[PDB]
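What follows is coords08.cif (mmCIF, N, CA and C atoms).
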```
data_start
#
loop_
_atom_site.group_PDB
_atom_site.id
_atom_site.type_symbol
_atom_site.label_atom_id
_atom_site.label_comp_id
_atom_site.auth_asym_id
_atom_site.auth_seq_id
_atom_site.Cartn_x
_atom_site.Cartn_y
_atom_site.Cartn_z
ATOM 1 N N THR E 101 -17.360 -18.122 -47.256
ATOM 2 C CA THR E 101 -18.039 -18.804 -48.347
ATOM 3 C C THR E 101 -18.329 -17.831 -49.478
ATOM 4 N N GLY E 102 -18.304 -18.332 -50.709
ATOM 5 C CA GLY E 102 -18.632 -17.483 -51.838
ATOM 6 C C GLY E 102 -20.122 -17.272 -52.010
ATOM 7 N N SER E 103 -20.933 -17.925 -51.179
ATOM 8 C CA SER E 103 -22.380 -17.855 -51.346
ATOM 9 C C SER E 103 -22.935 -16.498 -50.931
ATOM 10 N N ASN E 104 -22.336 -15.871 -49.926
ATOM 11 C CA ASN E 104 -22.944 -14.716 -49.283
ATOM 12 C C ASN E 104 -23.048 -13.527 -50.227
ATOM 13 N N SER E 105 -23.976 -12.626 -49.915
ATOM 14 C CA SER E 105 -24.104 -11.354 -50.603
ATOM 15 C C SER E 105 -23.496 -10.237 -49.760
ATOM 16 N N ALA E 106 -23.686 -8.996 -50.212
ATOM 17 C CA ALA E 106 -23.084 -7.861 -49.520
ATOM 18 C C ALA E 106 -23.754 -7.598 -48.175
ATOM 19 N N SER E 107 -25.086 -7.579 -48.159
ATOM 20 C CA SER E 107 -25.806 -7.248 -46.937
ATOM 21 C C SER E 107 -25.467 -8.214 -45.814
ATOM 22 N N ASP E 108 -25.355 -9.504 -46.132
ATOM 23 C CA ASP E 108 -25.014 -10.482 -45.109
ATOM 24 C C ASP E 108 -23.635 -10.214 -44.534
ATOM 25 N N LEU E 109 -22.679 -9.863 -45.390
ATOM 26 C CA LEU E 109 -21.346 -9.551 -44.901
ATOM 27 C C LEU E 109 -21.387 -8.377 -43.938
ATOM 28 N N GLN E 110 -22.165 -7.350 -44.270
ATOM 29 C CA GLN E 110 -22.283 -6.211 -43.365
ATOM 30 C C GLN E 110 -22.919 -6.625 -42.042
ATOM 31 N N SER E 111 -23.948 -7.471 -42.124
ATOM 32 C CA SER E 111 -24.693 -7.879 -40.941
ATOM 33 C C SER E 111 -23.865 -8.785 -40.048
ATOM 34 N N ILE E 112 -22.822 -9.398 -40.598
ATOM 35 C CA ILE E 112 -21.867 -10.118 -39.761
ATOM 36 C C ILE E 112 -20.859 -9.149 -39.154
ATOM 37 N N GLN E 113 -20.390 -8.195 -39.959
ATOM 38 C CA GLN E 113 -19.313 -7.324 -39.512
ATOM 39 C C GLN E 113 -19.724 -6.502 -38.301
ATOM 40 N N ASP E 114 -20.983 -6.073 -38.235
ATOM 41 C CA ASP E 114 -21.373 -5.266 -37.075
ATOM 42 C C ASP E 114 -21.285 -6.066 -35.773
ATOM 43 N N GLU E 115 -21.731 -7.323 -35.796
ATOM 44 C CA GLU E 115 -21.625 -8.140 -34.594
ATOM 45 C C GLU E 115 -20.175 -8.370 -34.219
ATOM 46 N N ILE E 116 -19.305 -8.559 -35.211
ATOM 47 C CA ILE E 116 -17.880 -8.662 -34.899
ATOM 48 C C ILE E 116 -17.399 -7.402 -34.189
ATOM 49 N N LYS E 117 -17.847 -6.243 -34.670
ATOM 50 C CA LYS E 117 -17.448 -4.971 -34.080
ATOM 51 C C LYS E 117 -17.819 -4.881 -32.611
ATOM 52 N N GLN E 118 -18.994 -5.383 -32.242
ATOM 53 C CA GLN E 118 -19.376 -5.339 -30.826
ATOM 54 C C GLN E 118 -18.396 -6.119 -29.952
ATOM 55 N N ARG E 119 -18.135 -7.371 -30.315
ATOM 56 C CA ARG E 119 -17.247 -8.197 -29.511
ATOM 57 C C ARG E 119 -15.860 -7.587 -29.427
ATOM 58 N N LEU E 120 -15.405 -6.929 -30.497
ATOM 59 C CA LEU E 120 -14.092 -6.296 -30.423
ATOM 60 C C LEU E 120 -14.043 -5.232 -29.335
ATOM 61 N N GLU E 121 -15.067 -4.383 -29.247
ATOM 62 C CA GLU E 121 -15.048 -3.317 -28.250
ATOM 63 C C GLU E 121 -15.165 -3.882 -26.844
ATOM 64 N N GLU E 122 -15.758 -5.066 -26.724
ATOM 65 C CA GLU E 122 -15.951 -5.624 -25.391
ATOM 66 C C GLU E 122 -14.620 -5.869 -24.682
ATOM 67 N N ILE E 123 -13.624 -6.372 -25.406
ATOM 68 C CA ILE E 123 -12.321 -6.636 -24.801
ATOM 69 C C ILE E 123 -11.703 -5.350 -24.275
ATOM 70 N N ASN E 124 -11.762 -4.285 -25.078
ATOM 71 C CA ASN E 124 -11.197 -3.010 -24.664
ATOM 72 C C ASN E 124 -11.849 -2.519 -23.391
ATOM 73 N N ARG E 125 -13.167 -2.677 -23.283
ATOM 74 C CA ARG E 125 -13.819 -2.306 -22.033
ATOM 75 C C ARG E 125 -13.245 -3.104 -20.868
ATOM 76 N N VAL E 126 -13.215 -4.432 -21.009
ATOM 77 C CA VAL E 126 -12.814 -5.286 -19.893
ATOM 78 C C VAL E 126 -11.411 -4.946 -19.428
ATOM 79 N N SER E 127 -10.540 -4.533 -20.346
ATOM 80 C CA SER E 127 -9.182 -4.205 -19.925
ATOM 81 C C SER E 127 -9.177 -2.984 -19.017
ATOM 82 N N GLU E 128 -10.149 -2.091 -19.189
ATOM 83 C CA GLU E 128 -10.110 -0.826 -18.462
ATOM 84 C C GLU E 128 -10.789 -0.919 -17.105
ATOM 85 N N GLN E 129 -12.019 -1.439 -17.035
ATOM 86 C CA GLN E 129 -12.700 -1.376 -15.735
ATOM 87 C C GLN E 129 -12.050 -2.257 -14.673
ATOM 88 N N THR E 130 -11.606 -3.458 -15.029
ATOM 89 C CA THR E 130 -11.165 -4.403 -14.008
ATOM 90 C C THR E 130 -10.031 -3.815 -13.179
ATOM 91 N N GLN E 131 -10.076 -4.042 -11.869
ATOM 92 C CA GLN E 131 -9.082 -3.474 -10.974
ATOM 93 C C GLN E 131 -9.247 -4.061 -9.584
ATOM 94 N N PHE E 132 -8.123 -4.187 -8.882
ATOM 95 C CA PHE E 132 -8.062 -4.825 -7.574
ATOM 96 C C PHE E 132 -7.348 -3.882 -6.620
ATOM 97 N N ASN E 133 -8.068 -3.416 -5.602
ATOM 98 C CA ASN E 133 -7.521 -2.526 -4.579
ATOM 99 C C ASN E 133 -6.828 -1.319 -5.200
ATOM 100 N N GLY E 134 -7.473 -0.719 -6.189
ATOM 101 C CA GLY E 134 -6.892 0.429 -6.837
ATOM 102 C C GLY E 134 -5.712 0.126 -7.721
ATOM 103 N N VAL E 135 -5.563 -1.111 -8.176
ATOM 104 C CA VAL E 135 -4.479 -1.496 -9.068
ATOM 105 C C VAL E 135 -5.082 -1.999 -10.368
ATOM 106 N N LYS E 136 -4.705 -1.377 -11.477
ATOM 107 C CA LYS E 136 -5.135 -1.813 -12.800
ATOM 108 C C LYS E 136 -4.201 -2.926 -13.250
ATOM 109 N N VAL E 137 -4.746 -4.122 -13.449
ATOM 110 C CA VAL E 137 -3.882 -5.285 -13.601
ATOM 111 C C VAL E 137 -3.705 -5.659 -15.067
ATOM 112 N N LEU E 138 -4.625 -5.251 -15.929
ATOM 113 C CA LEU E 138 -4.558 -5.653 -17.326
ATOM 114 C C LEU E 138 -4.241 -4.511 -18.278
ATOM 115 N N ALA E 139 -3.596 -3.444 -17.819
ATOM 116 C CA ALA E 139 -3.274 -2.359 -18.733
ATOM 117 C C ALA E 139 -1.938 -1.694 -18.442
ATOM 118 N N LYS E 140 -1.007 -2.364 -17.768
ATOM 119 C CA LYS E 140 0.204 -1.675 -17.354
ATOM 120 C C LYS E 140 1.500 -2.291 -17.843
ATOM 121 N N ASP E 141 1.610 -3.615 -17.895
ATOM 122 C CA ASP E 141 2.814 -4.277 -18.394
ATOM 123 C C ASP E 141 4.024 -4.005 -17.504
ATOM 124 N N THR E 142 3.915 -4.371 -16.231
ATOM 125 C CA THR E 142 5.017 -4.268 -15.287
ATOM 126 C C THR E 142 4.909 -5.411 -14.294
ATOM 127 N N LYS E 143 5.872 -5.503 -13.380
ATOM 128 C CA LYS E 143 5.943 -6.628 -12.458
ATOM 129 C C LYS E 143 5.845 -6.166 -11.012
ATOM 130 N N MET E 144 5.111 -6.930 -10.212
ATOM 131 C CA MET E 144 4.789 -6.618 -8.827
ATOM 132 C C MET E 144 5.357 -7.690 -7.916
ATOM 133 N N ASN E 145 6.017 -7.281 -6.837
ATOM 134 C CA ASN E 145 6.751 -8.217 -5.999
ATOM 135 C C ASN E 145 6.263 -8.199 -4.556
ATOM 136 N N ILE E 146 5.817 -9.369 -4.091
ATOM 137 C CA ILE E 146 5.368 -9.584 -2.720
ATOM 138 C C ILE E 146 6.587 -9.712 -1.811
ATOM 139 N N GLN E 147 6.377 -9.659 -0.496
ATOM 140 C CA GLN E 147 7.423 -10.027 0.454
ATOM 141 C C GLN E 147 6.930 -11.109 1.394
ATOM 142 N N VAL E 148 7.646 -12.231 1.424
ATOM 143 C CA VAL E 148 7.358 -13.361 2.295
ATOM 144 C C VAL E 148 8.642 -13.748 3.015
ATOM 145 N N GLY E 149 8.657 -13.588 4.331
ATOM 146 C CA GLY E 149 9.883 -13.781 5.081
ATOM 147 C C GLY E 149 10.261 -12.541 5.862
ATOM 148 N N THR Q 101 4.667 -4.990 1.492
ATOM 149 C CA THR Q 101 4.043 -5.765 0.431
ATOM 150 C C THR Q 101 3.762 -4.878 -0.773
ATOM 151 N N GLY Q 102 3.834 -5.471 -1.957
ATOM 152 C CA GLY Q 102 3.607 -4.727 -3.178
ATOM 153 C C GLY Q 102 2.168 -4.512 -3.570
ATOM 154 N N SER Q 103 1.214 -5.081 -2.836
ATOM 155 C CA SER Q 103 -0.203 -4.884 -3.114
ATOM 156 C C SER Q 103 -0.848 -3.922 -2.130
ATOM 157 N N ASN Q 104 -0.136 -2.876 -1.744
ATOM 158 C CA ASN Q 104 -0.685 -1.839 -0.892
ATOM 159 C C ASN Q 104 -0.858 -0.553 -1.685
ATOM 160 N N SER Q 105 -1.848 0.230 -1.282
ATOM 161 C CA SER Q 105 -2.207 1.454 -1.975
ATOM 162 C C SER Q 105 -1.476 2.636 -1.357
ATOM 163 N N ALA Q 106 -1.334 3.702 -2.144
ATOM 164 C CA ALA Q 106 -0.635 4.882 -1.651
ATOM 165 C C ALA Q 106 -1.353 5.496 -0.465
ATOM 166 N N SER Q 107 -2.665 5.296 -0.369
ATOM 167 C CA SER Q 107 -3.400 5.848 0.758
ATOM 168 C C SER Q 107 -3.064 5.132 2.054
ATOM 169 N N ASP Q 108 -2.943 3.804 2.015
ATOM 170 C CA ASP Q 108 -2.827 3.043 3.253
ATOM 171 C C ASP Q 108 -1.598 3.446 4.043
ATOM 172 N N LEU Q 109 -0.472 3.655 3.364
ATOM 173 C CA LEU Q 109 0.791 3.787 4.074
ATOM 174 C C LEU Q 109 0.770 4.903 5.107
ATOM 175 N N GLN Q 110 -0.077 5.919 4.937
ATOM 176 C CA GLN Q 110 -0.122 6.985 5.931
ATOM 177 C C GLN Q 110 -0.705 6.513 7.255
ATOM 178 N N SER Q 111 -1.650 5.572 7.227
ATOM 179 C CA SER Q 111 -2.187 5.047 8.479
ATOM 180 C C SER Q 111 -1.087 4.395 9.304
ATOM 181 N N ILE Q 112 -0.357 3.477 8.683
ATOM 182 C CA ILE Q 112 0.776 2.857 9.344
ATOM 183 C C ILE Q 112 1.773 3.920 9.787
ATOM 184 N N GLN Q 113 2.009 4.922 8.939
ATOM 185 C CA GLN Q 113 3.011 5.928 9.256
ATOM 186 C C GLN Q 113 2.647 6.716 10.504
ATOM 187 N N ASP Q 114 1.389 7.118 10.647
ATOM 188 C CA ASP Q 114 1.067 7.958 11.794
ATOM 189 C C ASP Q 114 0.993 7.134 13.076
ATOM 190 N N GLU Q 115 0.588 5.864 12.973
ATOM 191 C CA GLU Q 115 0.722 5.007 14.146
ATOM 192 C C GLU Q 115 2.174 4.937 14.592
ATOM 193 N N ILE Q 116 3.081 4.763 13.632
ATOM 194 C CA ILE Q 116 4.506 4.718 13.942
ATOM 195 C C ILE Q 116 4.945 6.015 14.605
ATOM 196 N N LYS Q 117 4.405 7.138 14.142
ATOM 197 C CA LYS Q 117 4.731 8.431 14.736
ATOM 198 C C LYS Q 117 4.372 8.466 16.215
ATOM 199 N N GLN Q 118 3.150 8.046 16.545
ATOM 200 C CA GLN Q 118 2.738 8.024 17.947
ATOM 201 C C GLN Q 118 3.681 7.164 18.781
ATOM 202 N N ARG Q 119 3.969 5.956 18.297
ATOM 203 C CA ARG Q 119 4.851 5.078 19.051
ATOM 204 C C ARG Q 119 6.205 5.730 19.275
ATOM 205 N N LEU Q 120 6.751 6.383 18.250
ATOM 206 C CA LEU Q 120 8.067 6.990 18.403
ATOM 207 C C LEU Q 120 8.046 8.099 19.438
ATOM 208 N N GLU Q 121 6.939 8.833 19.539
ATOM 209 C CA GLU Q 121 6.889 9.902 20.536
ATOM 210 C C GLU Q 121 6.878 9.338 21.949
ATOM 211 N N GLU Q 122 6.250 8.174 22.114
ATOM 212 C CA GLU Q 122 6.154 7.597 23.450
ATOM 213 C C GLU Q 122 7.530 7.349 24.057
ATOM 214 N N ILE Q 123 8.481 6.898 23.245
ATOM 215 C CA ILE Q 123 9.809 6.576 23.753
ATOM 216 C C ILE Q 123 10.457 7.805 24.372
ATOM 217 N N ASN Q 124 10.393 8.937 23.671
ATOM 218 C CA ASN Q 124 11.013 10.153 24.180
ATOM 219 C C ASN Q 124 10.357 10.616 25.469
ATOM 220 N N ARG Q 125 9.024 10.563 25.543
ATOM 221 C CA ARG Q 125 8.423 11.036 26.787
ATOM 222 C C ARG Q 125 8.836 10.150 27.957
ATOM 223 N N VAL Q 126 8.860 8.830 27.758
ATOM 224 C CA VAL Q 126 9.295 7.960 28.850
ATOM 225 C C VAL Q 126 10.739 8.243 29.213
ATOM 226 N N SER Q 127 11.564 8.571 28.225
ATOM 227 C CA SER Q 127 12.954 8.893 28.511
ATOM 228 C C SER Q 127 13.062 10.089 29.439
ATOM 229 N N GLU Q 128 12.270 11.121 29.196
ATOM 230 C CA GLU Q 128 12.487 12.354 29.946
ATOM 231 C C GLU Q 128 11.562 12.534 31.143
ATOM 232 N N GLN Q 129 10.652 11.599 31.414
ATOM 233 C CA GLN Q 129 9.754 11.749 32.555
ATOM 234 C C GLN Q 129 10.070 10.846 33.738
ATOM 235 N N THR Q 130 10.924 9.843 33.572
ATOM 236 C CA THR Q 130 11.200 8.911 34.656
ATOM 237 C C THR Q 130 12.278 9.455 35.576
ATOM 238 N N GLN Q 131 12.068 9.310 36.882
ATOM 239 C CA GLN Q 131 13.042 9.795 37.844
ATOM 240 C C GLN Q 131 12.950 8.993 39.131
ATOM 241 N N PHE Q 132 14.066 8.960 39.854
ATOM 242 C CA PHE Q 132 14.171 8.286 41.145
ATOM 243 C C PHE Q 132 14.892 9.233 42.091
ATOM 244 N N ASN Q 133 14.206 9.671 43.144
ATOM 245 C CA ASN Q 133 14.789 10.569 44.138
ATOM 246 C C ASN Q 133 15.376 11.813 43.485
ATOM 247 N N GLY Q 134 14.666 12.348 42.503
ATOM 248 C CA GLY Q 134 15.115 13.542 41.836
ATOM 249 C C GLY Q 134 16.261 13.341 40.881
ATOM 250 N N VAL Q 135 16.622 12.102 40.580
ATOM 251 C CA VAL Q 135 17.701 11.799 39.652
ATOM 252 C C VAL Q 135 17.083 11.241 38.382
ATOM 253 N N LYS Q 136 17.286 11.926 37.265
ATOM 254 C CA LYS Q 136 16.916 11.347 35.986
ATOM 255 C C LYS Q 136 17.859 10.197 35.686
ATOM 256 N N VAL Q 137 17.301 9.040 35.339
ATOM 257 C CA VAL Q 137 18.111 7.841 35.177
ATOM 258 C C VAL Q 137 18.346 7.475 33.724
ATOM 259 N N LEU Q 138 17.546 7.996 32.799
ATOM 260 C CA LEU Q 138 17.656 7.627 31.396
ATOM 261 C C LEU Q 138 18.218 8.757 30.547
ATOM 262 N N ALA Q 139 19.217 9.468 31.059
ATOM 263 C CA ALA Q 139 19.926 10.485 30.304
ATOM 264 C C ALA Q 139 21.327 10.636 30.883
ATOM 265 N N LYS Q 140 22.103 11.513 30.257
ATOM 266 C CA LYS Q 140 23.387 12.110 30.653
ATOM 267 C C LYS Q 140 24.573 11.143 30.690
ATOM 268 N N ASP Q 141 24.383 9.830 30.565
ATOM 269 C CA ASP Q 141 25.492 8.898 30.330
ATOM 270 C C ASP Q 141 26.603 9.014 31.373
ATOM 271 N N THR Q 142 26.294 8.679 32.615
ATOM 272 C CA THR Q 142 27.303 8.706 33.662
ATOM 273 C C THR Q 142 27.248 7.414 34.455
ATOM 274 N N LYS Q 143 27.954 7.401 35.581
ATOM 275 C CA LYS Q 143 27.908 6.286 36.511
ATOM 276 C C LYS Q 143 27.677 6.802 37.920
ATOM 277 N N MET Q 144 27.226 5.912 38.793
ATOM 278 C CA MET Q 144 26.538 6.269 40.025
ATOM 279 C C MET Q 144 27.174 5.517 41.189
ATOM 280 N N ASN Q 145 28.064 6.172 41.925
ATOM 281 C CA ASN Q 145 28.815 5.487 42.969
ATOM 282 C C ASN Q 145 27.937 5.191 44.177
ATOM 283 N N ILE Q 146 28.299 4.153 44.924
ATOM 284 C CA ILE Q 146 27.592 3.738 46.130
ATOM 285 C C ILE Q 146 28.621 3.435 47.204
ATOM 286 N N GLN Q 147 28.465 4.040 48.376
ATOM 287 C CA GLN Q 147 29.386 3.805 49.482
ATOM 288 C C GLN Q 147 28.851 2.657 50.316
ATOM 289 N N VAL Q 148 29.638 1.591 50.451
ATOM 290 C CA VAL Q 148 29.128 0.321 50.954
ATOM 291 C C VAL Q 148 30.034 -0.224 52.048
ATOM 292 N N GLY Q 149 30.936 0.607 52.556
ATOM 293 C CA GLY Q 149 31.865 0.158 53.570
ATOM 294 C C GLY Q 149 32.038 1.219 54.629
#
```

Give the structure from this file in structure tokens form.
Amino acid sequence: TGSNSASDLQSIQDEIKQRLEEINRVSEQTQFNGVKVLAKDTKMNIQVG
Amino acid sequence: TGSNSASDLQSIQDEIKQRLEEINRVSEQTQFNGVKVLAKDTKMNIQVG
């Protein structure tokens, strides 16, 4: 909106900054049996049979 | 399975090691009347007449 002033824009941008860093955190800590699942970009194959 | 950790495989491996040793000991410890039966690849005549 064209209504806002400068301070309001800054006060929005900081909250945006927090949520941005949150995703980066979540990608790193999550892990299953010593396997990082959201930071590798490869394929894992089970055996059934 | 593809969801196993590098640590686990040694447990399975050393169990396998123990089992493999058992076969050899049974091979070389069994005997009948002083004749080892599970070695040397021969045949054993019997006089029956």

- Task: Pick out each residue of chain Q that DSSP on the backbone tags as strand (DSSP E or B); I need them as a ChimeraX atom specification.
- Result: /Q:131-132,135-136

- If you run DSSP over the backbone, which residues in chain E end up alpha helix (DSSP H)? Put them as a PyMOL selection string. chain E and resi 106-129

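Here atom CA of residue Q:130 is placed at a distance of 21.7 Å from atom N of residue Q:117.
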
- Task: Using only N, CA and C atoms, find which residues of chain Q lie within 8 Å of chain E and jot them down as a list in words.
- Result: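 The selection requested is residues 101, 102, 103, 104, 105 and 106 of chain Q.
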
- Task: In Å, rounded to a single decimal, give me how far atom C of residue E:111 is from atom N of residue E:125.
- Result: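 Between these atoms lies a distance of 20.8 Å.
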
I'd like the box whose edges run along x, y and z of the file and which contains every listed atom of stretch 135-143 of chain E, padded by 6 Å per side; could you state its centre and edge lengths in Å, one decimal, as JSON?
```
{"center_x": 0.2, "center_y": -3.9, "center_z": -13.5, "size_x": 23.5, "size_y": 17.5, "size_z": 22.6}
```

- Message: Please compute the atom CA of residue E:141-atom CA of residue E:126 distance, one decimal, in Å.
- Response: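 So the answer is 15.7 Å.
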
- Message: At a cut-off of 6.5 Å, using all atoms listed in the file, what residues contact residue Q:127? Leave out same-chain residues fewer than 4 positions from it and give the result as a list in words.
- Response: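 Non-adjacent residues within range: residues 122, 123, 138 and 139 of chain Q.
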
Since the input is missing atoms for stretch 131-144 of chain E, could you rebuild it with N, CA, C and O atoms and give the result as a PDB file, in the frame of the given file?
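Listed below is the output, selection_9.pdb:
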```pdb
ATOM      1  N   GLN E 131     -10.076  -4.042 -11.869  1.00  0.00           N
ATOM      2  CA  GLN E 131      -9.082  -3.474 -10.974  1.00  0.00           C
ATOM      3  C   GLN E 131      -9.247  -4.061  -9.584  1.00  0.00           C
ATOM      4  O   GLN E 131     -10.355  -4.380  -9.156  1.00  0.00           O
ATOM      5  N   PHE E 132      -8.123  -4.187  -8.882  1.00  0.00           N
ATOM      6  CA  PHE E 132      -8.062  -4.825  -7.574  1.00  0.00           C
ATOM      7  C   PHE E 132      -7.348  -3.882  -6.620  1.00  0.00           C
ATOM      8  O   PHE E 132      -6.169  -3.575  -6.816  1.00  0.00           O
ATOM      9  N   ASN E 133      -8.068  -3.416  -5.602  1.00  0.00           N
ATOM     10  CA  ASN E 133      -7.521  -2.526  -4.579  1.00  0.00           C
ATOM     11  C   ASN E 133      -6.828  -1.319  -5.200  1.00  0.00           C
ATOM     12  O   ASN E 133      -5.731  -0.928  -4.800  1.00  0.00           O
ATOM     13  N   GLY E 134      -7.473  -0.719  -6.189  1.00  0.00           N
ATOM     14  CA  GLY E 134      -6.892   0.429  -6.837  1.00  0.00           C
ATOM     15  C   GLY E 134      -5.712   0.126  -7.721  1.00  0.00           C
ATOM     16  O   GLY E 134      -4.918   1.029  -7.992  1.00  0.00           O
ATOM     17  N   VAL E 135      -5.563  -1.111  -8.176  1.00  0.00           N
ATOM     18  CA  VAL E 135      -4.479  -1.496  -9.068  1.00  0.00           C
ATOM     19  C   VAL E 135      -5.082  -1.999 -10.368  1.00  0.00           C
ATOM     20  O   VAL E 135      -5.877  -2.943 -10.359  1.00  0.00           O
ATOM     21  N   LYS E 136      -4.705  -1.377 -11.477  1.00  0.00           N
ATOM     22  CA  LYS E 136      -5.135  -1.813 -12.800  1.00  0.00           C
ATOM     23  C   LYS E 136      -4.201  -2.926 -13.250  1.00  0.00           C
ATOM     24  O   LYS E 136      -3.003  -2.703 -13.426  1.00  0.00           O
ATOM     25  N   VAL E 137      -4.746  -4.122 -13.449  1.00  0.00           N
ATOM     26  CA  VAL E 137      -3.882  -5.285 -13.601  1.00  0.00           C
ATOM     27  C   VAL E 137      -3.705  -5.659 -15.067  1.00  0.00           C
ATOM     28  O   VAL E 137      -2.734  -6.328 -15.432  1.00  0.00           O
ATOM     29  N   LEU E 138      -4.625  -5.251 -15.929  1.00  0.00           N
ATOM     30  CA  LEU E 138      -4.558  -5.653 -17.326  1.00  0.00           C
ATOM     31  C   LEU E 138      -4.241  -4.511 -18.278  1.00  0.00           C
ATOM     32  O   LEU E 138      -4.618  -4.586 -19.448  1.00  0.00           O
ATOM     33  N   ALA E 139      -3.596  -3.444 -17.819  1.00  0.00           N
ATOM     34  CA  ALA E 139      -3.274  -2.359 -18.733  1.00  0.00           C
ATOM     35  C   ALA E 139      -1.938  -1.694 -18.442  1.00  0.00           C
ATOM     36  O   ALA E 139      -1.740  -0.545 -18.839  1.00  0.00           O
ATOM     37  N   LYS E 140      -1.007  -2.364 -17.768  1.00  0.00           N
ATOM     38  CA  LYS E 140       0.204  -1.675 -17.354  1.00  0.00           C
ATOM     39  C   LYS E 140       1.500  -2.291 -17.843  1.00  0.00           C
ATOM     40  O   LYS E 140       2.421  -1.537 -18.168  1.00  0.00           O
ATOM     41  N   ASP E 141       1.610  -3.615 -17.895  1.00  0.00           N
ATOM     42  CA  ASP E 141       2.814  -4.277 -18.394  1.00  0.00           C
ATOM     43  C   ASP E 141       4.024  -4.005 -17.504  1.00  0.00           C
ATOM     44  O   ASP E 141       5.043  -3.478 -17.948  1.00  0.00           O
ATOM     45  N   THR E 142       3.915  -4.371 -16.231  1.00  0.00           N
ATOM     46  CA  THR E 142       5.017  -4.268 -15.287  1.00  0.00           C
ATOM     47  C   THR E 142       4.909  -5.411 -14.294  1.00  0.00           C
ATOM     48  O   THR E 142       3.962  -6.195 -14.340  1.00  0.00           O
ATOM     49  N   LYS E 143       5.872  -5.503 -13.380  1.00  0.00           N
ATOM     50  CA  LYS E 143       5.943  -6.628 -12.458  1.00  0.00           C
ATOM     51  C   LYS E 143       5.845  -6.166 -11.012  1.00  0.00           C
ATOM     52  O   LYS E 143       6.425  -5.145 -10.637  1.00  0.00           O
ATOM     53  N   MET E 144       5.111  -6.930 -10.212  1.00  0.00           N
ATOM     54  CA  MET E 144       4.789  -6.618  -8.827  1.00  0.00           C
ATOM     55  C   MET E 144       5.357  -7.690  -7.916  1.00  0.00           C
ATOM     56  O   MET E 144       5.163  -8.880  -8.173  1.00  0.00           O
TER      57      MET E 144
END
```
